[PDB]
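**Q** A single structure is presented below for examination.
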Amino acid sequence: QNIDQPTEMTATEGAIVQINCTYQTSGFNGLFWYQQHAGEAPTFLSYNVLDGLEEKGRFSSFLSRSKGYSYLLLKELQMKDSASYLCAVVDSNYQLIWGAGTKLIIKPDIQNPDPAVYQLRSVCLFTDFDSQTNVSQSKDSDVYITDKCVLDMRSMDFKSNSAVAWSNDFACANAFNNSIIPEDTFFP
Amino acid sequence: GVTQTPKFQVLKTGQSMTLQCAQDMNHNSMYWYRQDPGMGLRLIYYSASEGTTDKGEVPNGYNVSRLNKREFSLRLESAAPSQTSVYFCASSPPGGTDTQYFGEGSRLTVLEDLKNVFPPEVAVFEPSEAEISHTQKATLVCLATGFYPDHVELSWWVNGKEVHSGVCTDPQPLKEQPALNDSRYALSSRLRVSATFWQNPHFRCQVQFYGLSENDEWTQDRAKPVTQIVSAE
Amino acid sequence: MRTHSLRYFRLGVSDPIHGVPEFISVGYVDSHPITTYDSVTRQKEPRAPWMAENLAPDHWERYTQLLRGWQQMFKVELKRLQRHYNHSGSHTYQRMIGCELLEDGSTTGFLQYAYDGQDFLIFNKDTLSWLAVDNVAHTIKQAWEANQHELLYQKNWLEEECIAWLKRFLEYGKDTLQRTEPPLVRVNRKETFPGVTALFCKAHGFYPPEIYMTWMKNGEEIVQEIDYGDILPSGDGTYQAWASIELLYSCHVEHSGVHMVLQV
Amino acid sequence: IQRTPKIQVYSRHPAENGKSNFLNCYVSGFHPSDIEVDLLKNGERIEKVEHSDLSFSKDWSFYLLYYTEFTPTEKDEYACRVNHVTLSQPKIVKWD
Ligand SMILES: *[C@@H](C)/C=N/c1c(NC[C@H](O)[C@H](O)[C@H](O)CO)[nH]c(=O)[nH]c1=O
């Protein structure tokens with residue numbers, strides 16, 4: 001019948017996140033959790049059929065048959081945990097009814113923020129701002145603005161945020177005027 | 001595990017198409033699902049065992065063949081725009097609660113005509129001199145623009161080897177004409193490295209576009225928008 | 001309520017003689033067959049009208065596909081036992097799954113396998129283990145116990161899912177299953193061999209099949225031997241039975257909360 | 001280990017001559033499943049005979065019910081003829 005999950009969840013890197021799943025079904029023959037990375041196949045995470053919490057590394061899945069509820073708990077959150085988490089329930093007719101999924105977004109812990117807008121050679125780069133700032137879409141039809149994306153320089157243990165803006169009467173000093181950019185933003 | 005083909009396909013409204021799926025795990029039960037934004041995987045057709053098939057939740061516009069113990073193919077007879085989706089093949093033993101093992105997926109796009117199919121234009125933008133001096137780091141930006149449909153795979157290659165550290169490509173592309181239905185796409189990615197790494201005399205941004213094939217008929221004066229690799233260095 | 005039970009059986013025969021299905025699977029609610037599937041029909045069909053009238057085509061369609069897959073596994077599992085035993089020719093494999101919903105509200109569940117009509121493996125839901133009767137059973141046991149997910153799934157099916165189905169089917173066929181048809185009991189007396197009087201207590205026309213009958217001397221259980229008759233289907237959904245002794249005697253009959261005494 | 005069938009021939013209602021009844025033959029406790037049941041009136045097989053589908057026991061053996069409408073007479077001699085693997089020749093069990 002019905003499987004219900006949050007559409008999207010956001011937690012900070014290193015923290016704990018609980019993805020909830022409630023079902024209204026005709027019978028119960030177990031509950032699955034699958035991980036699905038953007039543009040990849042879903043891969044199994046857990047299967048629960050009896051009441052309890054089963055641990056498997058940093059991921060632990062819990063079930064309450066009476067409460068018709070389950071959770072997937074993610075500990076010591078990593079950037080790599082950013083994926084869609086699919087809840088699925090086997091009913092009385094052994095049909096797998098899948099939930100729409102929960103997109104998990106991981107805000108990186110930005111140690112020393114350094115907001116700035118650099119011009120790269122026709123393209124503008126808003127970078128090094130802390131995970132708390134949001135990048136708004138373009139106003140004009142000729143200016144194209146992308147949303148924030150987290151990069152990891154593994155070697156240097158350095159995570160950063162970035163948004164790109166490009167167009168063909170356009171400048172970097174005006175490029176992100178629709179977005180609430182930090183007052184300390186560096187404009188060279 | 002589970003092998004499905006093709007990863008991407010462009011079809012004109014009315015064209016026939018067969019997705020293939022094979023598994024060498026000795027699985028009896030096989031499944032064909034369709035993943036669409038905002039909803040959980042929807043079963044099209046399933047095969048409980050060799051010698052049997054049955055309609056799933058959304059079987060209209062499709063047929064299936066369980067050729068043997070390993071093969072289960074999905075047939076789109078007259079492709080419709082409503083069939084633009086991502087198809088997953090799955091397999092499991094026949095208990096009824098046995099874990100399902102999934103194929104890589106199959107991006108299928110059904111268009112009224114192929115006159116808007118366009119490969120990307122790929123441009124690399126060298127790091128800002130102000131970034132290098134202020135952060136002691138260098139960000140290279142890449143741009144795949146004007147492509148249609150959304151069948152691309154953007155990757156960086158540093159000194160012949162592909163990289164993943166300091167790489168970040170947009171999860172969803174950008175509609176270059178948001179008010180248009182046939183809107184073409186734009187996509188960015190960044191590659192960040194130490195200033196000293198950028199200062200040593202390479203860096204290539206590679207985009208794999210998945211378009212038409214030899215079997216696809218081409219009338220237009222412009223170049224056949226085939227499956228190809230567009231690059232910038 | 002009274003004690004009702006839900007169970008399904010599977011039968012697999014290797015090298016079957018012409019006109020014998022390779023696979024058969026039949027479901028019961030107490031003494032009543034509710035469902036049927038075999039390798040010839042390849043369809044799960046009802047065996048009771050209250051099953052047909054209350055279960056939508058969707059059920060029959062889904063369970064046919066599951067049974068088609070379950071059929072094939074049965075054939076494989078039997079080929080694997082025969083290989084382990086170094087057996088050739090025709091051999092049987094059986095399964096019995098089910099649950100009991102007692103009068104007091106408590107429940108039982110069971111899952112057992114046989115090979116050549118003899119106990120092979122017996123599931124213990126309380127410890128999640130398989131009791132193996134020999135080394136071939138032991139090899140299978142080690143493999144089945146290696147999938148803990150499956151054992152928990154069966155414990156849940158037997159404890160939770162099975163009982164729900166039984167309660168569902170019990171409402172579907174209440175007019176049949178929960179009915180009481182009292183027995184018609186008679187006592188017959190006859191001088192058999194010279195000096196031997198034989199008293200018979202014959203009961204018939206009763207539903208449910210469970211009936212208690214005994215002979216008592218002066219209201220105290222016979223010190224002697226009683227011969228017992230099998231509870232038998234009359235053919236009309238009612239049962240018949242008997243109890244007899246040699247020669248103050250009385251026949252006692254307990255059936256569905258009513259106690260009968262027939263003095264001689 | 002093959003178990004030979006237990007054959008029980010009886011009437012639905014206490015029998016009385018000249019009164020319509022039903023002659024039953026309960027074949028049970030046999031293993032394997034392959035069985036052949038026929039009801040006979042003076043040695044000849046009764047063509048109009050209804051029966052239950054093969055049934056299953058907790059002990060792994062099988063059972064069947066074969067029946068037919070009949071009016072018992074002093075002259076008429078009824079029987080149940082069963083054949084199983086355990087039987088060297090079909091077993092004819094006469095009704096009492
Ligand atoms: C119609 C409901 C028929 N069911 C059926 C079953 N069902 C019991 C249970 O779901 C199953 O045996 C296992 O747990 C599956 O791995 N069992 C059976 O053997 N025969 C049937 O027709």
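Numbering starts fresh at 1 for the residues of each chain in the structure tokens, the chains themselves are lettered A, B, ... in the order given, and ligands are numbered from 1 as they appear.
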Find the residues in chain B near chain A: any atom within 9 Å counts, using only C-alpha atoms. Write them as a PDB file with N, CA and C atoms, in the first residue's frame.
**A**
```pdb
ATOM      1  N   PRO B  37      11.650  10.460 -11.482  1.00  0.00           N
ATOM      2  CA  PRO B  37      11.691  11.401 -10.354  1.00  0.00           C
ATOM      3  C   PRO B  37      10.386  11.528  -9.567  1.00  0.00           C
ATOM      4  N   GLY B  38      10.530  11.511  -8.239  1.00  0.00           N
ATOM      5  CA  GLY B  38       9.433  11.681  -7.297  1.00  0.00           C
ATOM      6  C   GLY B  38       8.720  10.422  -6.877  1.00  0.00           C
ATOM      7  N   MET B  39       9.116   9.282  -7.457  1.00  0.00           N
ATOM      8  CA  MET B  39       8.468   8.028  -7.098  1.00  0.00           C
ATOM      9  C   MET B  39       9.425   6.866  -6.994  1.00  0.00           C
ATOM     10  N   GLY B  40       9.053   5.901  -6.160  1.00  0.00           N
ATOM     11  CA  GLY B  40       9.821   4.686  -5.956  1.00  0.00           C
ATOM     12  C   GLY B  40       9.792   3.855  -7.214  1.00  0.00           C
ATOM     13  N   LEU B  41      10.781   2.955  -7.354  1.00  0.00           N
ATOM     14  CA  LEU B  41      10.922   2.044  -8.488  1.00  0.00           C
ATOM     15  C   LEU B  41       9.579   1.375  -8.751  1.00  0.00           C
ATOM     16  N   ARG B  42       9.134   1.357 -10.016  1.00  0.00           N
ATOM     17  CA  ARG B  42       7.891   0.738 -10.441  1.00  0.00           C
ATOM     18  C   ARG B  42       8.182  -0.478 -11.297  1.00  0.00           C
ATOM     19  N   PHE B  88      15.965  -0.322 -14.718  1.00  0.00           N
ATOM     20  CA  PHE B  88      16.823  -1.198 -13.955  1.00  0.00           C
ATOM     21  C   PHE B  88      16.330  -2.608 -14.031  1.00  0.00           C
ATOM     22  N   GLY B  95      12.650 -17.215  -3.145  1.00  0.00           N
ATOM     23  CA  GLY B  95      11.995 -17.369  -1.845  1.00  0.00           C
ATOM     24  C   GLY B  95      10.732 -16.542  -1.694  1.00  0.00           C
ATOM     25  N   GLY B  96      10.932 -15.284  -2.067  1.00  0.00           N
ATOM     26  CA  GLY B  96       9.965 -14.207  -2.038  1.00  0.00           C
ATOM     27  C   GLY B  96      10.488 -13.013  -1.275  1.00  0.00           C
ATOM     28  N   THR B  97      11.591 -13.180  -0.473  1.00  0.00           N
ATOM     29  CA  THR B  97      12.145 -12.090   0.348  1.00  0.00           C
ATOM     30  C   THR B  97      13.681 -11.957   0.151  1.00  0.00           C
ATOM     31  N   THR B  99      17.260 -10.988  -1.430  1.00  0.00           N
ATOM     32  CA  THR B  99      17.845  -9.696  -1.791  1.00  0.00           C
ATOM     33  C   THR B  99      17.919  -9.534  -3.280  1.00  0.00           C
ATOM     34  N   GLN B 100      17.561  -8.340  -3.783  1.00  0.00           N
ATOM     35  CA  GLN B 100      17.603  -8.046  -5.199  1.00  0.00           C
ATOM     36  C   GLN B 100      18.897  -7.364  -5.532  1.00  0.00           C
ATOM     37  N   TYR B 101      19.540  -7.871  -6.602  1.00  0.00           N
ATOM     38  CA  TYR B 101      20.814  -7.454  -7.167  1.00  0.00           C
ATOM     39  C   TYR B 101      20.480  -6.741  -8.458  1.00  0.00           C
ATOM     40  N   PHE B 102      20.998  -5.497  -8.637  1.00  0.00           N
ATOM     41  CA  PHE B 102      20.658  -4.571  -9.724  1.00  0.00           C
ATOM     42  C   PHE B 102      21.671  -4.360 -10.822  1.00  0.00           C
ATOM     43  N   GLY B 103      21.157  -4.164 -12.053  1.00  0.00           N
ATOM     44  CA  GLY B 103      21.937  -3.778 -13.223  1.00  0.00           C
ATOM     45  C   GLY B 103      22.337  -2.306 -13.084  1.00  0.00           C
ATOM     46  N   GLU B 104      23.248  -1.801 -13.931  1.00  0.00           N
ATOM     47  CA  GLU B 104      23.749  -0.422 -13.848  1.00  0.00           C
ATOM     48  C   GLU B 104      22.741   0.672 -14.214  1.00  0.00           C
ATOM     49  N   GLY B 105      21.707   0.325 -14.960  1.00  0.00           N
ATOM     50  CA  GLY B 105      20.679   1.265 -15.386  1.00  0.00           C
ATOM     51  C   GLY B 105      20.680   1.483 -16.882  1.00  0.00           C
ATOM     52  N   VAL B 124      37.603  24.493 -21.353  1.00  0.00           N
ATOM     53  CA  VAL B 124      38.389  24.494 -20.112  1.00  0.00           C
ATOM     54  C   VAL B 124      38.815  25.962 -19.808  1.00  0.00           C
ATOM     55  N   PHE B 125      38.664  26.391 -18.539  1.00  0.00           N
ATOM     56  CA  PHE B 125      38.996  27.747 -18.097  1.00  0.00           C
ATOM     57  C   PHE B 125      40.081  27.687 -17.066  1.00  0.00           C
ATOM     58  N   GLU B 126      41.253  28.262 -17.420  1.00  0.00           N
ATOM     59  CA  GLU B 126      42.453  28.239 -16.596  1.00  0.00           C
ATOM     60  C   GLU B 126      42.264  28.972 -15.269  1.00  0.00           C
ATOM     61  N   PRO B 127      42.892  28.507 -14.151  1.00  0.00           N
ATOM     62  CA  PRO B 127      42.683  29.160 -12.846  1.00  0.00           C
ATOM     63  C   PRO B 127      43.073  30.628 -12.751  1.00  0.00           C
ATOM     64  N   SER B 128      42.317  31.364 -11.917  1.00  0.00           N
ATOM     65  CA  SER B 128      42.487  32.779 -11.632  1.00  0.00           C
ATOM     66  C   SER B 128      43.808  33.025 -10.919  1.00  0.00           C
ATOM     67  N   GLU B 129      44.569  34.037 -11.401  1.00  0.00           N
ATOM     68  CA  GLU B 129      45.850  34.446 -10.817  1.00  0.00           C
ATOM     69  C   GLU B 129      45.654  34.972  -9.381  1.00  0.00           C
ATOM     70  N   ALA B 130      44.443  35.504  -9.093  1.00  0.00           N
ATOM     71  CA  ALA B 130      44.083  36.017  -7.774  1.00  0.00           C
ATOM     72  C   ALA B 130      43.846  34.882  -6.784  1.00  0.00           C
ATOM     73  N   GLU B 131      43.302  33.725  -7.266  1.00  0.00           N
ATOM     74  CA  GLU B 131      43.034  32.522  -6.465  1.00  0.00           C
ATOM     75  C   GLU B 131      44.345  31.909  -5.992  1.00  0.00           C
ATOM     76  N   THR B 135      44.926  31.933  -2.070  1.00  0.00           N
ATOM     77  CA  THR B 135      44.620  30.627  -1.460  1.00  0.00           C
ATOM     78  C   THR B 135      45.725  29.578  -1.582  1.00  0.00           C
ATOM     79  N   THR B 139      41.923  26.419  -9.173  1.00  0.00           N
ATOM     80  CA  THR B 139      40.667  25.798  -9.645  1.00  0.00           C
ATOM     81  C   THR B 139      40.547  25.946 -11.160  1.00  0.00           C
ATOM     82  N   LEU B 140      40.444  24.813 -11.861  1.00  0.00           N
ATOM     83  CA  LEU B 140      40.231  24.731 -13.305  1.00  0.00           C
ATOM     84  C   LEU B 140      38.750  24.430 -13.456  1.00  0.00           C
ATOM     85  N   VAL B 141      38.057  25.163 -14.336  1.00  0.00           N
ATOM     86  CA  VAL B 141      36.625  24.931 -14.543  1.00  0.00           C
ATOM     87  C   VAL B 141      36.424  24.373 -15.942  1.00  0.00           C
ATOM     88  N   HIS B 164      39.846  11.981  -9.274  1.00  0.00           N
ATOM     89  CA  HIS B 164      38.602  12.090  -8.523  1.00  0.00           C
ATOM     90  C   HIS B 164      38.745  13.084  -7.381  1.00  0.00           C
ATOM     91  N   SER B 165      39.967  13.199  -6.808  1.00  0.00           N
ATOM     92  CA  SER B 165      40.298  14.145  -5.741  1.00  0.00           C
ATOM     93  C   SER B 165      40.276  15.568  -6.300  1.00  0.00           C
ATOM     94  N   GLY B 166      39.593  16.454  -5.591  1.00  0.00           N
ATOM     95  CA  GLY B 166      39.445  17.847  -5.997  1.00  0.00           C
ATOM     96  C   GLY B 166      38.525  18.073  -7.185  1.00  0.00           C
ATOM     97  N   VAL B 167      37.763  17.049  -7.607  1.00  0.00           N
ATOM     98  CA  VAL B 167      36.800  17.109  -8.716  1.00  0.00           C
ATOM     99  C   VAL B 167      35.389  17.257  -8.175  1.00  0.00           C
ATOM    100  N   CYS B 168      34.582  18.099  -8.830  1.00  0.00           N
ATOM    101  CA  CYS B 168      33.173  18.290  -8.504  1.00  0.00           C
ATOM    102  C   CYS B 168      32.338  18.751  -9.710  1.00  0.00           C
ATOM    103  N   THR B 169      31.527  17.820 -10.225  1.00  0.00           N
ATOM    104  CA  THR B 169      30.658  18.016 -11.371  1.00  0.00           C
ATOM    105  C   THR B 169      29.251  18.128 -10.844  1.00  0.00           C
ATOM    106  N   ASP B 170      28.486  19.086 -11.411  1.00  0.00           N
ATOM    107  CA  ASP B 170      27.096  19.349 -11.062  1.00  0.00           C
ATOM    108  C   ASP B 170      26.230  18.061 -11.127  1.00  0.00           C
ATOM    109  N   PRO B 171      25.415  17.783 -10.086  1.00  0.00           N
ATOM    110  CA  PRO B 171      24.604  16.553 -10.098  1.00  0.00           C
ATOM    111  C   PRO B 171      23.517  16.549 -11.171  1.00  0.00           C
ATOM    112  N   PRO B 173      22.154  18.925 -14.787  1.00  0.00           N
ATOM    113  CA  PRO B 173      22.594  19.977 -15.700  1.00  0.00           C
ATOM    114  C   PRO B 173      21.656  21.192 -15.616  1.00  0.00           C
ATOM    115  N   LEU B 174      21.957  22.181 -16.421  1.00  0.00           N
ATOM    116  CA  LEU B 174      21.235  23.422 -16.493  1.00  0.00           C
ATOM    117  C   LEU B 174      20.534  23.523 -17.838  1.00  0.00           C
ATOM    118  N   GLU B 176      19.498  25.603 -20.766  1.00  0.00           N
ATOM    119  CA  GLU B 176      19.967  26.856 -21.357  1.00  0.00           C
ATOM    120  C   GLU B 176      18.799  27.801 -21.760  1.00  0.00           C
ATOM    121  N   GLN B 177      17.579  27.250 -22.040  1.00  0.00           N
ATOM    122  CA  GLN B 177      16.366  28.020 -22.379  1.00  0.00           C
ATOM    123  C   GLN B 177      15.247  27.460 -21.492  1.00  0.00           C
ATOM    124  N   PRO B 178      15.152  27.828 -20.182  1.00  0.00           N
ATOM    125  CA  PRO B 178      14.163  27.177 -19.296  1.00  0.00           C
ATOM    126  C   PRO B 178      12.694  27.124 -19.724  1.00  0.00           C
ATOM    127  N   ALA B 186      23.480  22.622 -20.238  1.00  0.00           N
ATOM    128  CA  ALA B 186      24.790  23.156 -19.849  1.00  0.00           C
ATOM    129  C   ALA B 186      25.216  22.474 -18.576  1.00  0.00           C
ATOM    130  N   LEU B 187      26.522  22.240 -18.414  1.00  0.00           N
ATOM    131  CA  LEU B 187      27.060  21.528 -17.245  1.00  0.00           C
ATOM    132  C   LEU B 187      28.449  21.990 -16.955  1.00  0.00           C
ATOM    133  N   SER B 188      28.761  22.127 -15.657  1.00  0.00           N
ATOM    134  CA  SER B 188      30.084  22.524 -15.196  1.00  0.00           C
ATOM    135  C   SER B 188      30.661  21.486 -14.246  1.00  0.00           C
ATOM    136  N   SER B 189      31.977  21.564 -14.063  1.00  0.00           N
ATOM    137  CA  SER B 189      32.792  20.743 -13.184  1.00  0.00           C
ATOM    138  C   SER B 189      34.014  21.563 -12.887  1.00  0.00           C
ATOM    139  N   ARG B 190      34.574  21.354 -11.701  1.00  0.00           N
ATOM    140  CA  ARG B 190      35.781  22.019 -11.237  1.00  0.00           C
ATOM    141  C   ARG B 190      36.787  20.976 -10.864  1.00  0.00           C
ATOM    142  N   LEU B 191      38.062  21.325 -11.027  1.00  0.00           N
ATOM    143  CA  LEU B 191      39.208  20.537 -10.633  1.00  0.00           C
ATOM    144  C   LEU B 191      40.136  21.465  -9.883  1.00  0.00           C
ATOM    145  N   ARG B 192      40.391  21.104  -8.643  1.00  0.00           N
ATOM    146  CA  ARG B 192      41.264  21.908  -7.810  1.00  0.00           C
ATOM    147  C   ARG B 192      42.527  21.167  -7.467  1.00  0.00           C
ATOM    148  N   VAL B 193      43.645  21.871  -7.587  1.00  0.00           N
ATOM    149  CA  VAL B 193      45.003  21.398  -7.315  1.00  0.00           C
ATOM    150  C   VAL B 193      45.827  22.527  -6.719  1.00  0.00           C
ATOM    151  N   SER B 194      46.979  22.189  -6.083  1.00  0.00           N
ATOM    152  CA  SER B 194      47.921  23.156  -5.516  1.00  0.00           C
ATOM    153  C   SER B 194      48.486  24.058  -6.620  1.00  0.00           C
TER     154      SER B 194
END
```
**Q** Got a sec: who's within 10 Å of residue 55 of chain A, counting only C-alpha atoms, leaving out chain neighbours fewer than 3 positions off, as a list in words?
**A**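 The residues satisfying every condition are residues 46, 58, 59, 60, 61, 62, 72 and 73 of chain A.
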**Q** Please, which residues have at least one atom within 10 Å of an atom of ligand 1, using only C-alpha atoms and all ligand atoms, listed as JSON, numbers by chain?
**A** {"A": [29, 92, 93, 94], "B": [94, 95, 96, 97, 98], "C": [6, 7, 8, 9, 10, 11, 24, 25, 26, 27, 28, 34, 35, 36, 37, 38, 43, 44, 45, 46, 55, 59, 60, 61, 62, 63, 64, 66, 67, 69, 70, 71, 73, 94, 95, 96, 97, 98, 111, 150, 153, 154, 155, 156, 157, 158, 161, 162, 165]}
**Q** The selected residues should be written to file as a PDB file, in the first residue's frame (atoms: C-alpha atoms).
**A**
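Output file result_23.pdb is given in full below:
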```pdb
ATOM      1  CA  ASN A  29       7.639 -10.052   5.056  1.00  0.00           C
ATOM      2  CA  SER A  92       1.674 -10.504   2.118  1.00  0.00           C
ATOM      3  CA  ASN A  93       1.837 -11.320  -1.652  1.00  0.00           C
ATOM      4  CA  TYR A  94       5.629 -11.103  -1.570  1.00  0.00           C
TER       5      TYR A  94
ATOM      6  CA  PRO B  94      12.767 -17.279  -5.605  1.00  0.00           C
ATOM      7  CA  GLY B  95      11.995 -17.369  -1.845  1.00  0.00           C
ATOM      8  CA  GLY B  96       9.965 -14.207  -2.038  1.00  0.00           C
ATOM      9  CA  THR B  97      12.145 -12.090   0.348  1.00  0.00           C
ATOM     10  CA  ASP B  98      15.592 -12.753  -1.197  1.00  0.00           C
TER      11      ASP B  98
ATOM     12  CA  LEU C   6      -3.440 -23.229   8.653  1.00  0.00           C
ATOM     13  CA  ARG C   7      -0.987 -25.409   6.761  1.00  0.00           C
ATOM     14  CA  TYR C   8       0.405 -25.889   3.218  1.00  0.00           C
ATOM     15  CA  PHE C   9       2.211 -28.983   1.890  1.00  0.00           C
ATOM     16  CA  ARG C  10       4.657 -29.501  -1.048  1.00  0.00           C
ATOM     17  CA  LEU C  11       5.322 -32.816  -2.781  1.00  0.00           C
ATOM     18  CA  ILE C  24       1.905 -30.584  -5.932  1.00  0.00           C
ATOM     19  CA  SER C  25       1.249 -27.864  -3.231  1.00  0.00           C
ATOM     20  CA  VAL C  26      -2.019 -27.916  -1.197  1.00  0.00           C
ATOM     21  CA  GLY C  27      -3.263 -25.642   1.555  1.00  0.00           C
ATOM     22  CA  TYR C  28      -5.596 -26.563   4.496  1.00  0.00           C
ATOM     23  CA  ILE C  34      -8.395 -24.313   0.642  1.00  0.00           C
ATOM     24  CA  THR C  35      -5.936 -24.065  -2.280  1.00  0.00           C
ATOM     25  CA  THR C  36      -4.134 -26.276  -4.833  1.00  0.00           C
ATOM     26  CA  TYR C  37      -1.230 -26.037  -7.363  1.00  0.00           C
ATOM     27  CA  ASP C  38       0.559 -28.667  -9.441  1.00  0.00           C
ATOM     28  CA  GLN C  43      -2.085 -22.551 -11.645  1.00  0.00           C
ATOM     29  CA  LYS C  44      -2.941 -21.914  -7.997  1.00  0.00           C
ATOM     30  CA  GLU C  45      -6.745 -22.518  -7.827  1.00  0.00           C
ATOM     31  CA  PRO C  46      -9.188 -22.672  -4.837  1.00  0.00           C
ATOM     32  CA  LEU C  55      -9.927 -13.800  -2.798  1.00  0.00           C
ATOM     33  CA  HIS C  59      -4.040 -13.222  -5.219  1.00  0.00           C
ATOM     34  CA  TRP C  60      -4.317 -16.286  -7.518  1.00  0.00           C
ATOM     35  CA  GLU C  61      -2.219 -14.531 -10.241  1.00  0.00           C
ATOM     36  CA  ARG C  62       0.596 -13.538  -7.771  1.00  0.00           C
ATOM     37  CA  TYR C  63       0.739 -16.891  -5.924  1.00  0.00           C
ATOM     38  CA  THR C  64       0.829 -18.838  -9.227  1.00  0.00           C
ATOM     39  CA  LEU C  66       5.590 -17.608  -6.650  1.00  0.00           C
ATOM     40  CA  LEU C  67       4.540 -21.322  -6.870  1.00  0.00           C
ATOM     41  CA  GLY C  69       9.371 -20.440  -8.907  1.00  0.00           C
ATOM     42  CA  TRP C  70       8.897 -22.552  -5.730  1.00  0.00           C
ATOM     43  CA  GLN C  71       8.210 -25.588  -7.970  1.00  0.00           C
ATOM     44  CA  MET C  73      13.497 -24.877  -6.371  1.00  0.00           C
ATOM     45  CA  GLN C  94       7.943 -33.049   1.060  1.00  0.00           C
ATOM     46  CA  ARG C  95       7.448 -29.861   3.011  1.00  0.00           C
ATOM     47  CA  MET C  96       4.806 -28.889   5.550  1.00  0.00           C
ATOM     48  CA  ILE C  97       4.504 -25.305   6.796  1.00  0.00           C
ATOM     49  CA  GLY C  98       1.768 -24.023   9.147  1.00  0.00           C
ATOM     50  CA  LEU C 111       8.221 -26.031   9.228  1.00  0.00           C
ATOM     51  CA  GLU C 150      15.932 -16.362   6.000  1.00  0.00           C
ATOM     52  CA  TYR C 153      11.917 -14.333   7.894  1.00  0.00           C
ATOM     53  CA  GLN C 154      10.427 -17.850   8.532  1.00  0.00           C
ATOM     54  CA  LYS C 155      10.083 -17.183  12.323  1.00  0.00           C
ATOM     55  CA  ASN C 156       8.161 -13.988  11.404  1.00  0.00           C
ATOM     56  CA  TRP C 157       6.055 -15.836   8.779  1.00  0.00           C
ATOM     57  CA  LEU C 158       5.103 -18.633  11.179  1.00  0.00           C
ATOM     58  CA  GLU C 161       1.991 -13.626   8.894  1.00  0.00           C
ATOM     59  CA  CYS C 162       0.579 -17.200   9.087  1.00  0.00           C
ATOM     60  CA  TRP C 165      -3.977 -15.501   7.039  1.00  0.00           C
TER      61      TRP C 165
END
```
**Q** DSSP on the backbone: which residues in chain D end up as strand (DSSP E or B)? Give the answer as a VMD selection string.
**A** chain D and resid 3 6 to 11 21 to 31 36 to 41 44 to 45 50 to 51 55 to 56 62 to 70 78 to 83 91 to 94
**Q** Only residues of chain D matter here; which ones have an atom within 8 Å of chain C, counting only C-alpha atoms? Give them as a count of residues only.
**A** 16
**Q** Give me the residues near residue 84 of chain A as a list in words, where near means some atom within 7 Å (using only C-alpha atoms) and where sequence neighbours in that chain fewer than 4 positions away do not count.
**A**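 Counting only the stated atoms, we get residues 35, 36, 37, 101, 102, 103 and 104 of chain A.
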**Q** Create the file for the chosen residues now, containing N, CA and C atoms and written as an mmCIF file, in the first residue's frame.
**A**
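Ended up saving to part.cif:
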```cif
data_model
loop_
_atom_site.group_PDB
_atom_site.id
_atom_site.type_symbol
_atom_site.label_atom_id
_atom_site.label_comp_id
_atom_site.auth_asym_id
_atom_site.auth_seq_id
_atom_site.Cartn_x
_atom_site.Cartn_y
_atom_site.Cartn_z
ATOM 1 N N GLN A 35 21.129 1.680 -0.864
ATOM 2 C CA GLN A 35 21.825 2.936 -1.122
ATOM 3 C C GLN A 35 21.851 3.106 -2.635
ATOM 4 N N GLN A 36 21.664 4.337 -3.115
ATOM 5 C CA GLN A 36 21.728 4.603 -4.541
ATOM 6 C C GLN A 36 22.427 5.921 -4.783
ATOM 7 N N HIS A 37 23.647 5.845 -5.326
ATOM 8 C CA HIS A 37 24.388 7.052 -5.628
ATOM 9 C C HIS A 37 23.871 7.652 -6.912
ATOM 10 N N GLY A 101 12.417 7.313 -1.898
ATOM 11 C CA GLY A 101 13.791 7.580 -1.497
ATOM 12 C C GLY A 101 13.973 8.862 -0.708
ATOM 13 N N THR A 102 15.123 8.947 0.013
ATOM 14 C CA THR A 102 15.536 10.099 0.783
ATOM 15 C C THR A 102 16.893 10.500 0.245
ATOM 16 N N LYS A 103 16.973 11.705 -0.353
ATOM 17 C CA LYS A 103 18.234 12.269 -0.808
ATOM 18 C C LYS A 103 18.943 12.799 0.434
ATOM 19 N N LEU A 104 20.151 12.297 0.706
ATOM 20 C CA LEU A 104 20.952 12.758 1.832
ATOM 21 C C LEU A 104 22.005 13.640 1.262
#
```
**Q** Which distance in Å separates atom CA of residue 109 of chain B and atom CA of residue 23 of chain B, to one decimal?
**A** 24.9 Å
**Q** Taking into account only C-alpha atoms, which residue in the set A:45, A:175, A:50, A:17 is nearest to chain C?
**A**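 Ranked by minimum distance to chain C, first place goes to A:50.
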